[PDB]
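What follows is one chain in structure tokens, specifically the form deposited in one PDB entry.
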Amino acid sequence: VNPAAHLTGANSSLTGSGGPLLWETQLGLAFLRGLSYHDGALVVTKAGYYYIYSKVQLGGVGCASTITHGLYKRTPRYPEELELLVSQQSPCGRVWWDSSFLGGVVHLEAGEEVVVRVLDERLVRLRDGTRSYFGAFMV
């Protein structure tokens, strides 16, 4: 059984605390298969290399008109997040819409976690669980 997951945009995804996004893990298209979840984070139970990915749907009305969309690692060995894969976009360059997609292979040990952060989070526009999401699979 190869570890895989795909977590979707949900009612509670945008905390406004400055912590990571949260995600649906069971309903609709969301699932967990050999990976776990805790407070927004994919929790790794089997060590190896994983392609991690995230999409966030951004949108707004006119124009910190630079958005950072990132995936970050947490390990209990070190008290600060480590950035893994990060995008900067200034999409407000009236109504606008933009999608930011990231993926890549990272090495993860058991007990490590991956989270998604968008700054400013207020520009994420949730609709149906198809336009913002976070997932991974072992490769």
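Basically, rigid core = biggest C-alpha set you can superpose within 1.5 Å across the two forms. Residues that one form lacks are left out of the comparison. Quick note: we count residues from 1 along the sequence shown, nothing fancier.
Per the record, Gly93 and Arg94 are separated by 4 to 9 deposited residues that are missing from the model. Per the record, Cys63 and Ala64 are separated by a gap of 4 to 9 residues from the deposited sequence that were not modelled. Between 64-72 and 96-104, it is 64-72 that carries the larger average Cα temperature factor according to the deposited entry.
Across the two stretches, 84-92 and 23-31, the PDB entry reports the greater mean Cα temperature factor for 84-92. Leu58: CA B factor lies in the highest third for its chain, per the PDB record. Per the deposited record, the Cα B-factor of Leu119 falls in the highest third when ranked against the other modelled residues of its chain. Sort the modelled residues of the chain by CA B factor and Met138 lands in the lowest third.
Quick note: we don't show the form deposited in another entry, though the next part is all about it.
Residue displacement note: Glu121 has its CA displaced by at least 2 Å between this form and the one not shown (rigid core superposed).
Positional change of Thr25 between this form and the one not shown stays under 2 Å at the C-alpha, relative to the superposed core.
The distance between the CA atoms of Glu112 and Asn11 is at least 3 Å shorter in the other form than in the form shown here. Expansion of the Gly129-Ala30 CA spacing by 3 Å or more is recorded in the other form, set against this form.
Under a 2 Å criterion for C-alpha shift, the consecutive stretches of 3+ residues that differ between this form and the one not shown after core superposition lie at 10-17, 90-93, 121-126, 128-130.
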